[PDB]
DNA sequence: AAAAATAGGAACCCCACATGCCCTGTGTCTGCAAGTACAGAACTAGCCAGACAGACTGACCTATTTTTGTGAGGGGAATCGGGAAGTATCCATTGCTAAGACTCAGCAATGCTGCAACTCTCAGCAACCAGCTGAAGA
DNA sequence: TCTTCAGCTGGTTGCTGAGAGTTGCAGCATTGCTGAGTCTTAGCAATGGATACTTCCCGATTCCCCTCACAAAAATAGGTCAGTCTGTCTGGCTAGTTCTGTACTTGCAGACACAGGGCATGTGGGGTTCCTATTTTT
């Protein structure tokens, strides 16, 4: 009863979504949780840093938009911004 | 006419007080401003990360002192903690 | 005459077996004794988690494998297959921390 | 006439250029190059002079660091002449 | 600042490298300059004042005549001489 | 529109950048490969810089954003802001 | 208690195993000394950073999270420990 | 900017070793995989294999195993296909085209085609050939055998021309294609939507799956305008 | 932890040249300057020069230029002092000691001292000697000739023993020193104040400036207890 | 009123609210826009889906029904873009990619 | 009462209130302590004073009045600790140290 | 004859110096909540202790990689010469960055709610044990 | 007529999966207000044309000095092997450390008067920078 608050069941849900018939070890849960945390703090630091660059006190879709164009190289950037754009479009229409 | 708000005059005053005769170019002032700013966001990012580590919502002298010990290598750490401890100690007496 | 292998094929065989094996190549007891050796000089009577010393472990074997493949590239560049300490010093120099 | 032995002249400009601090690459072809390579991202950009200064000096610093790296790489192999194997090894160790 | 005549009196008082400039009458403050080491004095005073190009003796001759207008450090009619007053000594 | 300015950096220019680094003798195959690595350095650096300038709705690229891009890349530069 | 002489605790067949993980065929007998020196300076650096992190935390037992942060200090991010 | 240079047609007697290049430029040559495909008048487009130049990783079709051979050259940015022991039924056009390493990515740009002349999931294009005026309503069905996680890509091929990429990930429009084209459907059933019609639409259309290792092309649909 | 090993005593005829090492351990060798100082009984201590092994930078005293030569071995962490053309007025005890490259830092640790026998700014220590019991005040004066920006430090040496650093930057205590010592003064007037006196405190005391290139010691002061 | 999850509103699986909470308490700025957490969740699902799919292929051709971190390293090292994103990584319990040198191969 | 600067109170030249303001709006923590800006002004005066001493010593050895960035390059590249601190930074018109290999020298 | 010494007009750079002004850091007051000294539950690190087995290591043979020496050869360092852009000022234009004024869209703050998540406990089932009862075998 | 094997009935001891309890956290309803979006115009730097000259670069020659090809050694390190010495893995047991819970408190945030330091500007002394007219010997 310490409330570690990891992301193990959520990445478990997405892997059972994409690969329905494969199990996975807890070591890979540790690797993936460290990956999501490390990538998240990287891109969030870049987004806040870019918001400070433009004397802007907020982070919106435009700042994280430019920041994911920055950090993800090449075609990962364009595929990620396409899926993020359709995700925020579907959430906007609700 | 836009209040550029640099650190030139303080480097000027410290330069005069410890070197009473030496001249100085404005290009070296740009070098000094870039250096002091780069050290500022480095040590401030270290202090923010270490304060977020110990679930601390405040930055006092202890974590940023630990950031001084982390960043500056060798004799720089002990001399810097000496100057900072002397400064905050005589400031506490006011 | 007993059957003896020519040099190199045992070396290539252990290259093949150690590039697909993932277990730790350093024994845990001397490594934790060594990190305790490091540990006295900073402060006395420190305490360590097992996960912590495995973390420093796999970090330092990753660092040494990176350094050794850099040493390999340096030795192949010198028209050689033998590594000497000057290869390690050159790799440490180009990587920037000397 | 009198002709200098090879290497001595070369180390003379080694000595005068290591103490020199001015810029080495001509401004007009370099700014033409940066405009050409910036044309492909978005057409008709605009550059202030200080930006071109920053690109040029960053390029000079990166290239002189890479050249001293290739110097150590080449003199490791008991050679005084650099070949593209040396720059390939230097970029591979530096992570490019 | 006004370092010109002050340091010119200072090296005369210090007695350093007297082949260029030496004392002929310390009471009235006059002194006789050599015509050979004046280029060495030009380079030495240029590197002290931290200039941009090489100093010429014609340019120091241009600079030092401004003290005659103020009235402290003056010039008399004799080849390569220059003198102080009683106040500045 | 501009073309083939990669050859604008002349042969003694790569020679002089070698001379700053202490290089004694240079083979003939060095020059084109140094042009290539110089080009890849420009393409990544200018890509970061143009992304920063498109974020701010500026079609004029500042030196300050160049310091930003080099500092994120790991080659922080001083004196330009 | 006090501890002594464990930098030679790593064996030269273990260093050979590390080399064969690094993909090198032939090694010399002189590689182990500067191997121990490089390994020595690497762990004294990371323990200096880690015990500084612990000493700010006012803790006496070094966890694994400050180890992950100590490896993240030099741009050597360590994974799977939190 | 992305260009895939290829050689011309060859008149080769059977049983001879043939090697042709796939020189590329305008982009980082190592960053993208290079795919290979041949097209016959009797079987249509048919995937051969691909190589990824970072590790020289090769994967070949099972029915082209041994016949096909891939080599890569990082120095000249060229990739070579080798054909050994030429069968008489090998007189066909050969295309090499660029594809990124993602399964979301697909074949974006194509070579011109080398007409070399010699002296598993069954996925099917349901409509055979459509006849239309300049403003009708058309829809092409690409029902497959098993399920794929939207790994479908639609291609338009003009006669004696390279195929053109239209849709990636079965719903997202490719760069340079106008919004008149749109893909739909997920899982096993799919549809391609074209609202406006012009004269240049008269071509042969294909859909391509990549959810499994052997890539299979559609039967082909010839659209006819006026 | 830190060690500064030296060689033994030397019985040397005049006119020759003698090499001696200063092997050190317990710290990062390339990050610290190594200074050399000799000890004559009739002039006290005389600074020779220093070496910086990170770039092999040299600097010598003009009184010892030519006679003094420093050679450094980075591999064995050992530096070597070289005396050339030994005259009769060279019989002295030679010490090698460590100092950081920081100007605030001073000579923190010392070697045992090699006793070799042969077969500007002026610093003034005003009270040469004094006698005191075990509990009173004592004040030592270190008035200088020129202005020094608080770049002064005090040292205590026992007879036939290495010197020990007491203060650094003329006000801040060193490591391991008790709080009985207290330094004061800046500019040209400098003083050190000692709170309590013990039986081990009787020794010879020196103050060394490092605000200028010629490092000059004082005349010395012998302290007597009880 | 019935409350629907913002992940369900966006049609994703990662929690938008937890991301927004971590962004607000992450000391980035005192204001956070609406599209930033959902965009963050979208790019996170892209990265996790791609890496788990590559690990699924690495387990499938190895005839394993459980992903080991060796599959994770074989996924992350076999792409220049993934290696460029993860140049400074050390993955726990994974080993190293099997590669051989050209000179170290036998001549015959 | 009479206004008195925290820099004047603490014996600092660097502005304590201004670095305090940059800590408040630098998005580092929701609260900030009193002694941290004094600590930062102290350590920044240490760093600037030290490398300006090395630069002034380099200028005095070269016999120049004015501090040039070449003197700053010779100041920071000739120290091991500064090179460890400032390894990954370039300096405007700094250049490099005069350094050749000994084998490149002729016999 | 002649050039160093001697004046001076006319600009030209730079380091302080003064001033307007402006704007933001000090100061004071009020509120308030994060950190902390203290106490106790728990938790896991270090140590202890023994069996055991397998990597370590010195020795030895041998094979094989490297180093040193010789030598041809060709590739670039050095040099001369002649053309060709680089650039330093000089101007015209223009466009595009930003300050300022205006208007307003979404988000921090507040409060309530409801499903989220394994957790807390529960009532029926599996095996254990003994008294009771009944059949089998002498 | 006794023992002995076997099953039923009743109570005990665990065992276990699902109904139920509990609590931290995301989402829903206002709101105001404040940072963000838009238009306008000043103004200031960037872009292009003009031109001289001057430094640099491109092109032919030489030669000489590195470097690569090749043979001999000869250090030097790899493949086997006998004895071993030490890592490890088991189980336990403290006991110093760490987390949870409170009071309170004390240092820090918000808001308003201000005024003194900081920024841009301009000016003035103290120097530099060229060149042309005049006068004494070497």
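Think of each number as a place in line: the chain as shown, counted from 1.
Header entry for method reads electron microscopy, 4.1 Å.
Cβ coordinates come from backbone N, Cα and C, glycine included.
In the three-state DSSP reading, residue C:20 (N6,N6,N6-trimethyllysine) counts as helix. Positions annotated as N6,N6,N6-trimethyllysine by Swiss-Prot: C:20 (among others).
What Swiss-Prot lists as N6-glutaryllysine is C:20 (among others), and the listing cites experimental evidence. Counted within 10 Å of its Cβ, the other Cβ atoms near residue C:20 (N6,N6,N6-trimethyllysine) come to 11, all protein chains included.
The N6-crotonyllysine feature in Swiss-Prot is assigned to C:20.
The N6-acetyllysine annotation in Swiss-Prot covers C:20 (among others) and is backed by experimental evidence.
Per Swiss-Prot, the feature phosphoserine maps to C:21 (among others). The number of other Cβ atoms within 10 Å of the Cβ belonging to residue C:21 (phosphoserine), over all protein chains shown, comes to 15.
Taken residue by residue with DSSP, residue C:28 (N6-methyllysine) is part of a helix. Counted within 10 Å of its Cβ, the other Cβ atoms near residue C:28 (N6-methyllysine) come to 12, all protein chains included. Residues or ranges marked as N6-methyllysine by Swiss-Prot on the basis of experimental evidence: C:28 (among others).
If you look up Swiss-Prot, you'll see C:28 (among others) marked as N6-(2-hydroxyisobutyryl)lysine.
When other Cβ atoms within 10 Å of the Cβ of residue C:43 (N6-acetyllysine) are tallied across all protein chains shown, the result is 11. The feature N6-acetyllysine is assigned by Swiss-Prot to C:43 (among others).
According to Swiss-Prot, the feature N6-glutaryllysine maps to C:43 (among others), an assignment based on experimental evidence. Classification of residue C:43 (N6-acetyllysine) by DSSP places it in coil, neither helical nor stranded.
The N6-glutaryllysine annotation in Swiss-Prot covers C:79 (among others). Within 10 Å of the C-beta atom of residue C:79 (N6-glutaryllysine) sit 9 other C-beta atoms, taking all shown protein chains into account.
The Cβ of residue C:86 (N6-methyllysine) lies under 8 Å from the Cβ of no residue that sits 6+ residues away along the same chain. The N6-methyllysine feature in Swiss-Prot is assigned to C:86 (among others); the stated evidence is experimental evidence.
What Swiss-Prot records for C:86 (among others) is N6-succinyllysine, and it gives experimental evidence as the kind of evidence.
For the pair residue C:20 (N6,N6,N6-trimethyllysine) and residue C:43 (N6-acetyllysine), the C-alpha distance works out to 39 angstrom. Taking Cα separation as the measure, residue C:28 (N6-methyllysine) is nearest to C:21 of the modified residues C:21, C:43, C:79. Proximity to chain J, defined as a C-beta distance under 8 Å, is registered for none of the modified residues C:28, C:43, C:79. Taking the C-alpha positions, the distance from residue C:43 (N6-acetyllysine) to residue C:79 (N6-glutaryllysine) comes to 47 Å. In this structure the alpha carbons, written CA, of residue C:21 (phosphoserine) and residue C:79 (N6-glutaryllysine) are 29 Å apart.
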